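First, one chain by itself in structure tokens, the form deposited in one PDB entry.
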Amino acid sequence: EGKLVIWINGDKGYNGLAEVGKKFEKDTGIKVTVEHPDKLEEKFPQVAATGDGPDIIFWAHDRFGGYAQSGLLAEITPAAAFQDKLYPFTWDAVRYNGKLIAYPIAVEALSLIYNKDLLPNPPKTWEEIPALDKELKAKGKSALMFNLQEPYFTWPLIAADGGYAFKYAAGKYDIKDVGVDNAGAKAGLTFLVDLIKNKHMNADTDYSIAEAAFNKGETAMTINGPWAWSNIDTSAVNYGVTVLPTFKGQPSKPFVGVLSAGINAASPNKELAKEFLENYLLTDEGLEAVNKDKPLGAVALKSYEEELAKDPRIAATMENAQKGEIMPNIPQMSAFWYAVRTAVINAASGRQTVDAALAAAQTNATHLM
């Protein structure tokens, strides 16, 4: 019953795509049918939900937003290693309401096309076109002709100095929507409290107790960060560092801290700062110099991370970071931490149930704003 029906426009290389289909079939036994029906982008929303639509549709990204609005497309979830194989801006094109809803294939935009016999070296600027046209008109030619009837062609110029269709409103933390009190949080906290109730952990275990027990070889596992590594290195323990365990088949989501270099808005040296950071520091040699002095852990620069991640501990830090959440960069985090500290302690000890501790934390977090 497994098969793939693929829709692509008749002006694309659908025979080429079929050849890829045939390779798939040869490897998997699964038959791939490539079709190019007329009006396929109109037909798709008509048939897709009924159980007679294609499995895969190829079209320009802009139409997929409308499809996504109707819930016609499956959220895709490629691994980080796969996402990194495509240009970031192409993933931006297939994002809707913060979800990836397609795979990017190809990229098209307008360019400046010029006659090399008439103009061996074309102009850099729009402003130089009037004079260039005067010069060419003296030989009975013109500088520039393009389609003025269709805004697609004239928009690039119009947009240049601040024209736009729709303002993209940036993503934002919503401080009135706290998630300490939902089903997911209750499940995780209940598992934790149950580990305590069942005597697999003690409620009063803290940083030092855990560190000592691990470094003295009394416990098989601990949860900690790169700051703890050197203390373990000096111990007798042969340790590894790995991805955190899943809970209900989902990754554990540690908060991620990103050591960042900000440029003072009042600095008269902003161009120097940019030059230093981009071209001296954020290079393999620059990060190496810093790392050698005191380890950075995992780094944001791909080329150097690929070198550092030969150490599995660094690889694991990065893997956990990619599965985690970026620490929110807002003042209200203080209220969250305080409320949550209390909730876990009270649940861990039996002073409150899980539901009442999280309920109280939800109300405290919001009220402390």
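Heads up, when I say rigid core I mean the largest set of C-alphas that superpose within 1.5 Å between the two forms. We number the residues from 1 along the sequence you see. Only residues modelled in both forms are compared.
Form deposited in another entry: not shown, discussed below.
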Yes/no, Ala138 Cα shift of 2 Å or more between this form and the one not shown with rigid core fixed: yes
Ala220: Cα shift of 2 Å or greater between this form and the one not shown (core-aligned): no
In the other form, whether the C-alpha atoms of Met318 and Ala102 sit closer or farther than here (change of 3 Å or more): closer
Distance direction in the other form for the C-alpha atoms of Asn320 and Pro88, relative to the displayed form (3 angstroms or more): closer
Segments displaced between this form and the one not shown (3 or more residues, each Cα shift of 2 Å or more, core-superposed): 1-171
